[PDB]
Amino acid sequence: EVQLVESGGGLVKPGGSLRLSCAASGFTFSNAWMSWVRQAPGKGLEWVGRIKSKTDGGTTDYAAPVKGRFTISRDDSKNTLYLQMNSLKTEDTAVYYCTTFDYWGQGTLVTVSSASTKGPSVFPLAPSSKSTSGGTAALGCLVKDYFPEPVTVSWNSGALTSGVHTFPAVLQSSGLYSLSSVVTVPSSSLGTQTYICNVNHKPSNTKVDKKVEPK
Amino acid sequence: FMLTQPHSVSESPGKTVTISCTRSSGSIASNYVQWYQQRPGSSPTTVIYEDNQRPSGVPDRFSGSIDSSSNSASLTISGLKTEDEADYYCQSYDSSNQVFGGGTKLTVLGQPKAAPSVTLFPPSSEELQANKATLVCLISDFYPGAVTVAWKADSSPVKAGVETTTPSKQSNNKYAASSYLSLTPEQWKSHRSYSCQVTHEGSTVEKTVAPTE
């Protein structure tokens, strides 16, 4: 019966504002203490703040990373909790949950990034004897500093698919993405076979074909 | 205060695990302790509250306890089911705060465990000649999907310039991950070696590269 409908939130430059709202049903919201909790991608739960019921004074508490910057209020006539996010930092990027912390909403995503469209830099990860275990050599391509997702990587125009492993991108503190694609091949074909990675970054209309050669 | 949990826990269906949660400052009995279950892509569920209480709809396989001896709260799950595979967070109240544990990844084993394969690439000379330097550490084929990655410059732990992905499930149902260390060309050449250290189920694979090899 309890419902917590989050809304608001999206992209925003650092230093901007965003208001989140949490609509509640199934419990007398006026008599309830409400909290905000956030979770950065791949990270843990971090308490943001709490407002207490207007019966108990209705004053607010805040975690240290959001003091002076975030404001929590409530319109318990409309059964709505608010999180006023000012002075946004990229470190605020997280899914934001409103809680009563027994019950949890589904969360809204807030992404704070100064990044804009940028094609990747592609560098070869050349096979050496320090890439070779057994008779198998590892070679790849480093796909550096692009935005936004996604990037597609094929090898030899898709004719080489065995032993190919493209790794999910890391999201860097700079707001740009980096990505690696590696392929394992017989070391005996480094002298006989040409290896080229094809990196396609459609958001920037960029495609890069990088030849990867033995050291 | 902080609440410290083990990074990950794993066991087979039907067996029993326990996740601990140690309070750093102040008494653990001082304040109520709650436990939340978080499945992939899902909002958290309260599974234990007020130290040992189960909300309605939570099976008695889930049990919570307190040990003043080690200033620890613990969550225990008997007869593990597939649906128990999730991340588990403890949390308690402070003199006016709200503290969450770091979280614990619980894997319900559905295939044999598998050690990570680690391949470390030095900076390409193409990148070095563009005044950049990135060390690429590729980790794949490990199960359960829970690793910690550390870096070393010679023998010293690297404290900045490290970006690491969370584990991603590959098509063979094992997991992959990536760590990157950014340097300038001067830093790269001024050290005898750099190391990527991958810890998986209490054991570590270290790969080293050197500007001279």
Side-chain angles (χ1 to χ4, degrees), chain A residues 2 4 27 32-40 43-53 56 61-65 97-105 107, chain B residues 1-11 16-39 42-81 83-93 95-97 99-107 146:
Chain A
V2 183
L4 294 176
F27 66 100
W33 288 15
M34 300 284 274
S35 281
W36 286 101
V37 185
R38 78 187 175 176
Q39 191 174 36
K43 297 228 209 176
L45 307 165
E46 183 187 33
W47 174 68
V48 177
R50 172 203 50 207
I51 184 165
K52 58 181 70 68
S53 66
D56 292 12
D61 273 1
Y62 297 98
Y97 303 98
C98 58
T99 63
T100 306
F101 314 96
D102 204 342
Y103 301 82
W104 299 63
Chain B
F1 67 92
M2 315 196 105
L3 290 179
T4 304
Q5 298 180 233
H7 181 70
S8 74
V9 170
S10 67
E11 188 65 31
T16 301
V17 292
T18 289
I19 298 162
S20 76
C21 167
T22 298
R23 191 161 157 152
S24 60
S25 186
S27 187
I28 193 76
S30 177
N31 295 88
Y32 285 139
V33 174
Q34 285 65 229
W35 289 93
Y36 307 105
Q37 170 190 83
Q38 194 183 29
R39 306 191 164 108
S42 309
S43 79
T45 294
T46 300
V47 77
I48 285 295
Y49 75 96
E50 266 159 32
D51 299 346
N52 47 36
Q53 313 283 285
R54 262 177 317 271
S56 160
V58 176
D60 53 332
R61 314 183 285 104
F62 290 78
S63 80
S65 76
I66 302 277
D67 187 25
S68 307
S69 298
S70 48
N71 222 35
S72 308
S74 276
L75 179 64
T76 307
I77 314 175
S78 72
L80 276 302
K81 324 292 200 223
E83 56 267 39
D84 301 334
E85 168 153 325
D87 289 346
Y88 289 90
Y89 294 85
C90 71
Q91 75 98 5
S92 182
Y93 280 49
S95 285
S96 181
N97 299 323
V99 176
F100 280 91
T104 298
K105 173 166 312 288
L106 170 55
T107 297

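Note on naming: letters A, B, ... go to the chains in the order of the sequence lines (proteins, then strands), and numbering restarts at 1 for each one.
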Spacing of [atom1] belonging to [X] relative to [atom2] belonging to [Y], to within rounding of 0.5 Å:
X      : Y      : atom1 : atom2 : value
B:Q34  : B:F100 : CD    : CZ    : 9.0 Å
A:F101 : B:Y89  : CZ    : OH    : 14.0 Å
A:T99  : A:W36  : OG1   : CH2   : 9.0 Å
B:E85  : B:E11  : CD    : CD    : 13.0 Å
B:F62  : B:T76  : CZ    : OG1   : 10.5 Å
B:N97  : B:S92  : CG    : OG    : 10.5 Å

Test of understanding: with side chain to side chain donor-acceptor pair (under 3.5 Å), list the residues that count as partners of B:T16, not counting sequence neighbours.
none
Within the structure provided, determine whether [X] and [Y] are in side-chain contact (heavy-atom separation under 4.5 Å).
X     : Y     : answer
A:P65 : A:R38 : yes
B:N31 : B:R23 : yes
A:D61 : A:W47 : yes
B:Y88 : B:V9  : no

Are a donor atom and an acceptor atom from the side chains of B:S20 and B:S74 found within less than 3.5 Å of each other?
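B:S74 and B:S20 do not have a side-chain donor-acceptor pair below 3.5 Å.
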What is the minimum heavy-atom distance between [X] and [Y], and which atoms define it?
X     : Y     : result
A:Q39 : B:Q38 : OE1-NE2, 2.7 Å
B:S42 : A:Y97 : O-OH, 4.0 Å
B:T22 : B:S70 : CG2-O, 3.8 Å

[X] side chain to [Y] main-chain N or O, any donor-acceptor pair under 3.5 Å?
X     : Y      : result
A:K52 : A:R50  : no
B:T46 : A:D102 : yes
B:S10 : B:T107 : no
B:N71 : B:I28  : yes
A:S53 : A:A32  : no
B:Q5  : B:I19  : no

Between B:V33 and B:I66, does a side chain to side chain contact (heavy atoms under 4.5 Å, CB included) hold up when you go through it step by step?
CA-CA 9 Å; B:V33 174; B:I66 302 277; 4.0 Å; yes
Answer yes or no: are there more than 12 heavy-atom neighbours, outside A:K43 itself, under 6.0 Å from its atom NZ?
no
In short, side chain to side chain donor-acceptor pair (under 3.5 Å) pairs touching residues 49-66 of chain B with sequence neighbours left out are B:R61-B:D84
Over 60° means perpendicular and under 30° means parallel, so classify the ring planes of A:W104 and B:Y36, tilted if in between.
perpendicular
Single hit among B:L80, B:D87, B:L75 for side chain to side chain contact (heavy atoms under 4.5 Å, CB included) with B:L106:
B:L80
